[PDB]
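Asks:
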Ligand code: SF4
Ligand code: SF4
Ligand code: FES
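Residue numbers (UniProt numbering), protein chains in the order written: chain A, 18 to 131; chain B, 2 to 75, 91 to 113; chain C, 4 to 116; chain D, 28 to 146; chain E, 74 to 152; chain F, 42 to 249; chain G, 35 to 212.
1. Please classify residue 75/C as buried or exposed, where buried requires at least 16 other C-beta atoms within 10 Å of its C-beta.
2. Check whether the Cβ atoms of residue 100/C and residue 41/C lie closer than 8 Å to each other.
3. Can you tell me whether DSSP reads residue 42/D as helix, strand or coil?
4. For ligand 2, which residues have a Cβ under 6 Å from at least one heavy atom, in chain order?
5. Considering only heavy atoms of ligand 1, does any lie closer than 7 Å to the CB of residue 124/G?
6. Of all Cβ atoms in chain B, is any one closer than 8 Å to the Cβ of residue 157/G?
7. Taking C-alpha atoms, which residue in 194/G, 203/G, 212/G lies nearest to residue 102/G?
8. With a cut-off of 8 Å on the beta carbons, I'd call residue 228/F and residue 208/F a contact; round off their distance for me.
9. Give the list of continuous alpha helix (DSSP H) stretches no shorter than 4 residues that lie fully inside the stretch 63–141 of chain F.
10. Suppose you measure from the CA of residue 15/C to the CA of residue 101/B; what does that come to, to the nearest Å?
11. Closer than 8 Å by C-beta to residue 211/F: which residues in its own chain qualify, once you throw out the five before and the five after it? Chain order, please.
12. Indicate whether at least one CB of chain A lies closer than 8 Å to the CB of residue 135/E.
13. Check the Cβ of residue 101/F against every Cβ in chain C and list those closer than 7 Å, keeping chain order.
14. Under three-state DSSP, which class holds residue 48/D?
15. Sort out for me which residues DSSP pairs residue 67/B with in a bridge.
16. By the three-class DSSP mapping on this structure, what secondary structure does residue 105/C have?
17. If we count the other Cβ atoms within 10 Å of its Cβ and call it buried at 16 or more, is residue 137/F buried or exposed?
18. Please list the partners that residue 134/A has in chain F, where partner means a Cβ-to-Cβ separation under 7 Å.
19. Pick helix, strand or coil for residue 101/G, following the three-state DSSP scheme.
20. So what does residue 177/F bridge to, in DSSP terms?
21. At which residue ranges does the stretch 148–184 of chain G contain complete alpha helix (DSSP H) runs of 4 or more residues, listed in the order of the chain?
22. Just to confirm, does residue 113/D get its C-beta within under 7 Å of one of the non-hydrogen atoms of ligand 3?
23. Could you have a look at residue 46/C and say whether DSSP puts it in helix, strand or coil?
24. In chain C, what lies closer than 7 Å to residue 242/F by C-beta?
25. Is residue 177/F near ligand 3, with its Cβ less than 7 Å from a heavy atom?
26. Using the rule of at least 16 other Cβ atoms within 10 Å of the residue's Cβ for burial, across every protein chain shown, is residue 237/F buried or exposed?
27. Once DSSP output is grouped into helix, strand and coil, what is the label at residue 112/B?
28. Helix, strand or coil for residue 143/F, going by three-state DSSP, please let me know.
29. So residue 121/F and residue 108/F are supposed to be a Cβ contact under 8 Å. How far apart are they, rounded?
30. Would a C-beta distance cut-off of 8 Å place residue 161/G and residue 118/G closer than the cut-off?
31. Tell me, please, whether the CB atom of residue 68/B is closer than 8 Å to any CB atom in chain F?
32. Does residue 211/F come out as helix, strand or coil in the three-state DSSP assignment?
33. Beta carbon of residue 77/D: closer than 7 Å to some heavy atom of ligand 3?
34. Between residue 102/A and residue 53/A, is the Cβ-Cβ spacing less than 8 Å?
35. Looking at chain F, is there any beta carbon in it that lies within less than 8 Å of the beta carbon of residue 45/B?
36. Looking at the secondary structure, which residues open and close the beta strand (DSSP E) in which residue 217/F lies?
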């Protein structure tokens, strides 16, 4: 149960890197919304960033947290210099997809998918 | 090929090359679109004897690679992967352009 | 005479190829003397360095020296000696004569699965 | 090794019970001898002659589906004699077999086709 | 160092923060023990301090800036 | 002699075996296995810690001079613990030879990038990261190079589906190119094209 | 061996006549004038343009065009529902469903080939054991809708009945090679 660290010895500086990445994403969201002419507002873009972080927040392996930080830096840098376009940014919101309600009655009425 | 002699001389002088000798438009020298039927030959294995497949099964002669050294299984002069490459000779036909 | 060009872009023409090769091989031997005695890299690199130094000292002609060394042109031989010296320093830092660092898993190199 | 006998498949030693056939010893080692008439839940027939294999220092190939291993036999399964026997038997089957493969329900499920391609 | 000015400017930033209500917030009140926030909420408060003060605060000091009191004396002995 | 069988020269096999012994005894700290195939190709399998010394030695040695990197790739074999096998094919123009260097990694142990040794390793390691998710230490700019912008998942892995998870289409309501969960008008029909009879007895694995 | 494309032997010195030649070359544009002249020569050749659609580009009997399902001279469908064409089809553009016919013959109930998925590689026509599926020489079948390129058995049989006077002749011309 002993492995080689990637960047972080334990969860502490891994969480420090998480906080730095979240800080820079929070900085970049208004610039993203202003530059790429997004229909969304600044508030819900920051909410999207925050709930992405909370989606990934359940992991406590330092290597996995380091790799998630690395991938977040790639996504953020890809947003800094604008290669990721308006469609790629708006892919985070799924506004064109009808969501699937999680109740048994609705999943029974639609089809056989559990 | 239907060009007059005046236009042919003008083209030859203007390009510096003999153009009527090598025309890029094919007129009659190409092969006929209808050909006599062929008869393709057969290969070396088309024989009725001494042709057992085990004697010519190249696919089954492949062996697993020979382990030179393994970490679990396993004064001399230094060597190279091959003798050094011989220097290329200059072209005797046209060495320079 | 002197070579007008080496035939390779970005490679200069060395007007003193014997002295440069001599000092490069001497520096290579001197840095190889710091290696452990049982180092196979030290033994082999000393073998090639000694052979090439002997051939350089034996042949004073540039073209015959290139034909003897058969490593391209003498400028390429000088560049290879420089890279061998840097590699000798890197081997001395890395110490690869030690035993195997960590055994691979049991089916790490088993193909096919 | 009480009531067990040592036999060899391609030089590899293996313990077998008495009455174990050559084909059974070969599949105990891990090689499937070609077969057409042998089924492990049917009685032994021994007629298709596809399981003919060469025993070391034996001039005649034996049918692995019916012949039991005796003692210390070296079963050369991938020998020249065994390959020639398999080639001859498949040639004799496909001599009178009809060219019905596209109109056959046994398209990719054909032991005859697969053993043709393999042996 | 304009202690009262930096103090009520920090309190104004905390009032302006939309997630937390003004009524139970105090100077010595603690972010997770009292206010029920998250570490992400805490670093959002720190970034509000950033863009309202104009000077950088490193990630290291953020885990010590845990009540408005540490914020106000940190800017007091930093400015 | 046989017109249907590829001719075999054993001098290349002897030379590559000698060079494999040479490299193995020069670097016993990292080299884990040395093999020469029936195709006369030398493969040297090393520890991930010795990627930089092995590549530097092969590039800068007088007897090696493997100054040209043929390619850098990864093979996903998801039955072993370190499922990504990183393969470096190198070419020696001085000695007219080719060599292969293998190492291993999994999803959570990155290996050292060799951009300092060969410059094509920049884009090749970018490709390996984009296709397999193998991180590379000390890279100048490791990012995606082939997938879509913001593509989630590494598609050359064995467990990644062939058709993927999302597909793009133009939505007129939002006037954009949007991503949907993938739905195929005709499903890709998988074919079980494996004969139940063993083809090559030379590669017969022993029973478990 | 090897040769030099830009290297020149030794030196041609620096002579006054050579300097005057170079100065005349880059002052009176001699290479420009000769390039103009041979472009004028091509102005005075004959164009290589054929008169489409009244003239057609030459082809070969091997040409892989629009797919078609052939018949025997009796009129029976050549296809025997053996599915090797869809087994070998590298783009998976062939879908086949089959059942015994009322007289018990092994025939297809569905034979769909997607032109928008097909790569026009001839693997079906070279894997067909009875010369049923062919890539006939039709290529002028561009449609205005995506649906019209989704062929079924009726469309393929209609194509085979339409192009049989040419497909059979091409197969007669080329079948000795294959
Ligand atoms: S020509 Fe088209 S239909 Fe025929 S096998 Fe090739 S891709 Fe499939
Ligand atoms: S290969 Fe020929 S006979 Fe067989 S199913 Fe296809 S079209 Fe029909
Ligand atoms: S399997 Fe038929 S003879 Fe043995």
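Note that CB positions come from ideal geometry on N, CA and C, so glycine has one too.
Replies: A quick look at the data gives this:
1. By 1-based counting over the third chain, the position of residue 75/C is 72. Residue 75/C is buried by the Cβ-count criterion.
2. Locating residue 100/C in the third chain gives position 97, counting from the first residue. Locating residue 41/C in the third chain gives position 38, counting from the first residue. In this structure, residue 41/C lies closer than 8 Å to residue 100/C by Cβ.
3. Numbered from 1 along the fourth chain, position 15 holds the residue referred to as residue 42/D. Residue 42/D falls in the strand class under three-state DSSP.
4. That query returns the following residues: 129/D, 113/G, 114/G, 115/G, 116/G, 117/G, 118/G, 119/G, 130/G, 161/G, 162/G, 164/G, 166/G, 167/G.
5. Taking the first residue of the seventh chain as position 1, residue 124/G is located at position 90. Residue 124/G: yes, Cβ under 7 Å from ligand 1.
6. Mapped onto the seventh chain, residue 157/G falls at position 123. Output row for residue 157/G: interface = no.
7. The residue you call residue 102/G lines up with position 68 of the seventh chain. Looking at the Cα atoms, 194/G is the closest of the given residues.
8. Here residue 228/F is taken as the residue at index 187 of the sixth chain, counted from 1. Here residue 208/F is taken as the residue at index 167 of the sixth chain, counted from 1. Actually they do not touch by this definition, with Cβ atoms about 14 Å apart.
9. Uninterrupted alpha helix (DSSP H) stretches at least 4 residues long and entirely within the stretch 63–141 of chain F occur at 92–101, given in chain order.
10. Residue numbering aside, residue 15/C sits at position 12 when the third chain is read from its first letter. Residue numbering aside, residue 101/B sits at position 85 when the second chain is read from its first letter. So the two alpha carbons sit approximately 23 Å from each other.
11. Translated into the one-based positions of the sixth chain, residue 211/F becomes position 170. So the list reads 217, 218, 219, once near-sequence residues are dropped.
12. Residue numbering aside, residue 135/E sits at position 62 when the fifth chain is read from its first letter. Yes, because at least one Cβ of chain A sits closer than 8 Å to the Cβ of residue 135/E.
13. Taking the sixth chain and counting its residues from 1, the one referred to as residue 101/F is at position 60. Neighbours of residue 101/F on chain C, chain order: 86, 87, 89, 90.
14. In the fourth chain, residue 48/D corresponds to position 21, counting from 1. Looking at residue 48/D - three-state DSSP - the assignment turns out to be strand.
15. By 1-based counting over the second chain, the position of residue 67/B is 66. Paired residues: 77/F.
16. Counting from 1 along the third chain, the entry for residue 105/C is found at position 102. Correct three-state label for residue 105/C: coil.
17. Taking the first residue of the sixth chain as 1, we reach residue 137/F at position 96. Answer is exposed; the Cβ neighbour count stays below 16.
18. Absent from the structure is residue 134/A, since the part of chain A shown begins at 18 and ends at 131.
19. On the seventh chain, position 67 is the one that residue 101/G refers to. It is a strand residue.
20. Taking the sixth chain and counting its residues from 1, the one referred to as residue 177/F is at position 136. DSSP, once it has assigned bridges, lists 152/F as partnering residue 177/F.
21. Taking only runs of at least 4 residues, the alpha helix (DSSP H) segments lying wholly in the stretch 148–184 of chain G are 157–161.
22. Translated into positions along the fourth chain, residue 113/D becomes position 86. Not under cutoff, so the answer is no.
23. The residue you call residue 46/C lines up with position 43 of the third chain. Three-state result, residue 46/C: helix.
24. As a first step, residue 242/F must be located in the sixth chain, where it is residue number 201. In chain order: nothing, as chain C lies at least about 14 Å away.
25. The sequence position of residue 177/F within the sixth chain is 136, counting from 1. Every heavy atom of ligand 3 is 7 Å or more from the Cβ of residue 177/F, so no.
26. Position 196 of the sixth chain holds residue 237/F. With fewer than 16 other Cβ atoms within 10 Å, it is exposed.
27. Counting from one through the second chain, the residue named residue 112/B turns up at place 96. Here residue 112/B sits in strand by DSSP.
28. The residue labelled residue 143/F in the question sits at position 102 within the sixth chain. Looking at residue 143/F - three-state DSSP - the assignment turns out to be strand.
29. As a first step, residue 121/F must be located in the sixth chain, where it is residue number 80. As a first step, residue 108/F must be located in the sixth chain, where it is residue number 67. Rounded, the Cβ-Cβ distance is 32 Å, inconsistent with contact.
30. Along the seventh chain, one-based indexing puts residue 161/G at 127. Along the seventh chain, one-based indexing puts residue 118/G at 84. The answer is yes: Cβ separation under 8 Å.
31. For the purposes of this step, residue 68/B is taken as residue 67 along the second chain, with counting starting at 1. For residue 68/B, the answer is yes, since a Cβ of chain F falls inside 8 Å of its Cβ.
32. Translated into the one-based positions of the sixth chain, residue 211/F becomes position 170. Residue state, collapsed to three classes: strand.
33. Here residue 77/D refers to the residue found at position 50 when the fourth chain is read from its first residue. True, at least one ligand heavy atom lies under 7 Å from that Cβ.
34. Along the first chain, one-based indexing puts residue 102/A at 85. Along the first chain, one-based indexing puts residue 53/A at 36. Cβ atoms of residue 102/A and residue 53/A: closer than 8 Å.
35. Counting from 1 along the second chain, the entry for residue 45/B is found at position 44. Cβ-Cβ to chain F under 8 Å: yes for residue 45/B.
36. For the purposes of this step, residue 217/F is taken as the residue at position 176 of the sixth chain. Per DSSP, residue 217/F belongs to the beta strand (DSSP E) from 217–222.
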